[PDB]
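**Q** First the structure, which I've put down as structure tokens, then a few questions once you've had a look.
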Amino acid sequence: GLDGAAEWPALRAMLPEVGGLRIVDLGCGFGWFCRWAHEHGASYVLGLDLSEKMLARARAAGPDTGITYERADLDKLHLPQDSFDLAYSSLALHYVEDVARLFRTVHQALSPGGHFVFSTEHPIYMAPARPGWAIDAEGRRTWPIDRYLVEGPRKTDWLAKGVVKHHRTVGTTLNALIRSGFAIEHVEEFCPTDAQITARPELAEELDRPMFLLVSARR
Amino acid sequence: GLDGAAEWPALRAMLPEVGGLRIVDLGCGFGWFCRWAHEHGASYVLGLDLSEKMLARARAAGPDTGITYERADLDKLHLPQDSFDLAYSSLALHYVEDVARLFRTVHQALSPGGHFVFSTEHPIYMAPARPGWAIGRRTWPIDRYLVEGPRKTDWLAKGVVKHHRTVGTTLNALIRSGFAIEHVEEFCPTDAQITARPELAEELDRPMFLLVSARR
């Protein structure tokens, strides 16, 4: 679960202290973060996902109190006003077409001083028409980029995953947060640590290009 | 000068109104911005550059009063506290090793509500040891994007070292130093700019510049 996600420690480090907080998890999946937050003292956790079957597995995994799971479409998201101290989302917002609308919804749902911490696929990773590694004449591993400044839907994971992602530059994402009422708190283009690479050698290639953008914003 | 810079209109659009402001230009070069700011009613303009010869050329370009040029190394910059309304810098910060220290100096130099607006080479552009295009479809291969530190691409030819920092590193350094991020632009020329200057079409594939505006 979380211990398998290379970017979890970096994203976890960006979170506020979760003890006593009211938290919403946007695109909670099996509820790995929901359970982590509850284990670390969250007063209340609302986990939202489109899949009823996945929410059924999340409920079954426990605990009996403090975590509520509800079916929701992040493209048509509604949240009660002034009801959360923290909004979290792992690798969901790159599938939302009107992300600015979602940001405004999260902003009104957060109490003053609350945070929104989320991960998305990095635009370097999402940009290319034919994403993948290239090995140059010298044997060096490279990541060819095209159309980085041409924003819009990308169908490069449509065949493999059945998803359309929305390519937006780092500036576009941050400007949308700012226009929505957030102050940018921390921005990280994920890089595994040398210790992570020693434990998981396959992470060495992640030094060449970022797969993920991690952002913390405050209202 | 400024008319030639494709990124100038985008950067100009990020500036506050300059009439009546005290402005510091970090890495002013020939003083194109200093003269522009003066012409648009800035009360005081301080242009700083490492090259005494370049400052002599800037001073000679005029006017007789309104702009002060002084030699400074941005790596060990001193600015008086609460003395400026706007700090501007065009394509200079990528030469600074300890940019967080510089940001702390700029923060304290700016009066409350002051602005800091700058352009730098984008880390996508700077990441490769030897940057360039690959080809039918044009691409920009990157490597070592997450490996921050000196880049020596133009060391032998020009005797300059640039400092590679990711977008997150740059923004976090500003935030930690006391600034609130106002606008971030990975500069993309407009369709009108690309029609007037066909060579600009390649900047749709990868950004050459990062533009940032912040408030303190």
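We place every Cβ from the backbone using ideal geometry, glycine too, and count neighbours over all the protein chains shown. Rule-based calculations on the coordinates, nothing more; no lab input.
**Q** Pull out all pairs, ordered by first then second residue, where Cβ-Cβ is under 7 Å, the residues are six or more apart or on different chains, the first lies in the range B:112-135 and is surrounded by 22 or more Cβ atoms within 10 Å (Cβ to Cβ), and the second is among the polar types (S, T, N, Q) and not in a strand (DSSP E or B).
**A** Close Cβ pairs (under 7 Å, with a partner that is among the polar types (S, T, N, Q) and not in a strand (DSSP E or B)) amount to B:123/B:166.
**Q** With respect to the numbered conditions (1) crowded, with 21+ Cβ neighbours inside 10 Å; (2) more than 7 Å from chain B (Cβ to nearest Cβ); (3) of a type in the set (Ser, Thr, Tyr); (4) more than 16 Å from the chain's Cα centre (by Cα), which one is the sole condition not fulfilled by residue A:173?
**A** For residue A:173, the failing item is (4).
**Q** Six or more apart or on different chains, Cβ under 6 Å: which pairs go from a residue in the range B:80-96 that's assigned to a loop (DSSP other than H, G, I, E, B) to one that's surrounded by fewer than 19 Cβ atoms within 10 Å (Cβ to Cβ)? Could you list them?
**A** Pairs that qualify, where the first residue is assigned to a loop (DSSP other than H, G, I, E, B) and the partner is surrounded by fewer than 19 Cβ atoms within 10 Å (Cβ to Cβ), are B:81/B:108; B:82/B:111; B:96/B:75.
**Q** Scan the range B:176-199 for residues that are more than 8 Å from chain A (Cβ to nearest Cβ) and surrounded by 18 or more Cβ atoms within 10 Å (Cβ to Cβ) and report the count. Before you say what the answer is, go through the steps one by one.
**A** Initially, the range B:176-199 is screened for residues more than 8 Å from chain A (Cβ to nearest Cβ), giving B:176-179, B:187, B:189-199.
Filter once more, keeping what is surrounded by 18 or more Cβ atoms within 10 Å (Cβ to Cβ): B:177, B:179, B:187, B:189.
Residues that pass the stated criteria total 4.
Rundown of residues vs (1) more than 14 Å from every other protein chain (Cβ to nearest Cβ); (2) of a type outside the set (D, E, K, R); (3) within 14 Å of residue A:26 (Cα to Cα); (4) within 16 Å of the chain's Cα centre (by Cα), yes/no style:
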| site | (1), (2), (3), (4) |
| --- | --- |
| A:100 | yes, yes, no, yes |
| A:103 | yes, yes, yes, yes |
| A:110 | yes, yes, yes, no |
| A:123 | no, yes, no, yes |
| A:128 | no, yes, no, no |
| A:131 | no, yes, no, no |
| A:140 | no, no, no, no |
| A:144 | no, yes, no, no |
| A:166 | yes, yes, no, yes |
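**Q** If only one of B:12, B:35 is touching a helix residue (DSSP H, G or I) at 6+ places or on another chain (Cβ under 9 Å), outside any loop (DSSP other than H, G, I, E, B) and over 24 Å from residue B:186 (Cα atoms), which one is it? Before you say what the answer is, go through the steps one by one.
**A** On the way: B:12 fails: over 24 Å from residue B:186 (Cα atoms).
After ruling out the rest, the residue left standing is B:35.
**Q** When you scan the range A:202-216, do you find a residue that is in contact with a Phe, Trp or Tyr (Cβ under 7 Å, 6 or more places away or on another chain), under 26 Å from residue B:214 (Cβ atoms) and more than 12 Å from chain B (Cβ to nearest Cβ), even just one?
**A** Just the residues of the range A:202-216 that are in contact with a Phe, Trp or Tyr (Cβ under 7 Å, 6 or more places away or on another chain), to begin with: A:208-212, A:214-215.
Pick out the ones that are also under 26 Å from residue B:214 (Cβ atoms) and you get A:210, A:212, A:214-215.
So of that shortlist, the ones also more than 12 Å from chain B (Cβ to nearest Cβ) come out as none.
There is no residue in the range A:202-216 that is in contact with a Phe, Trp or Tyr (Cβ under 7 Å, 6 or more places away or on another chain), under 26 Å from residue B:214 (Cβ atoms) and more than 12 Å from chain B (Cβ to nearest Cβ).
**Q** Whether any residue in the range B:147-160 is within 20 Å of the chain's Cα centre (by Cα), away from chain A (no Cβ under 14 Å), loosely packed, with under 15 Cβ neighbours inside 10 Å and at positive phi is what I want to check.
**A** Within the range B:147-160, one or more residues are within 20 Å of the chain's Cα centre (by Cα), away from chain A (no Cβ under 14 Å), loosely packed, with under 15 Cβ neighbours inside 10 Å and at positive phi.
**Q** Looking at (1) surrounded by 17 or more Cβ atoms within 10 Å (Cβ to Cβ); (2) in contact with a helix residue (DSSP H, G or I) (Cβ under 7 Å, 6 or more places away or on another chain); (3) over 17 Å from residue A:169 (Cβ atoms), which is the one condition that is false for residue B:141?
**A** Status for residue B:141: all satisfied but (2).
**Q** If you don't mind, there's one more thing I want to ask. Can you name every one of the helices (runs of 4 or more DSSP H) wholly within the range B:151-211 that holds 1 or more residues which are touching a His at 6+ places or on another chain (Cβ under 9 Å)? Working first, answer last.
**A** Working: elements: B:155-158, B:167-176, B:191-196.
Correct list: B:167-176.
**Q** Which of the residues belonging to the range A:166-208 are of a type in the set (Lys, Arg) and within 21 Å of residue A:12 (Cα to Cα)?
**A** Restricting attention to the range A:166-208, the residues satisfying the condition of being of a type in the set (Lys, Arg) are A:168, A:179, A:200.
The one that is of a type in the set (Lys, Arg) and within 21 Å of residue A:12 (Cα to Cα): A:200.
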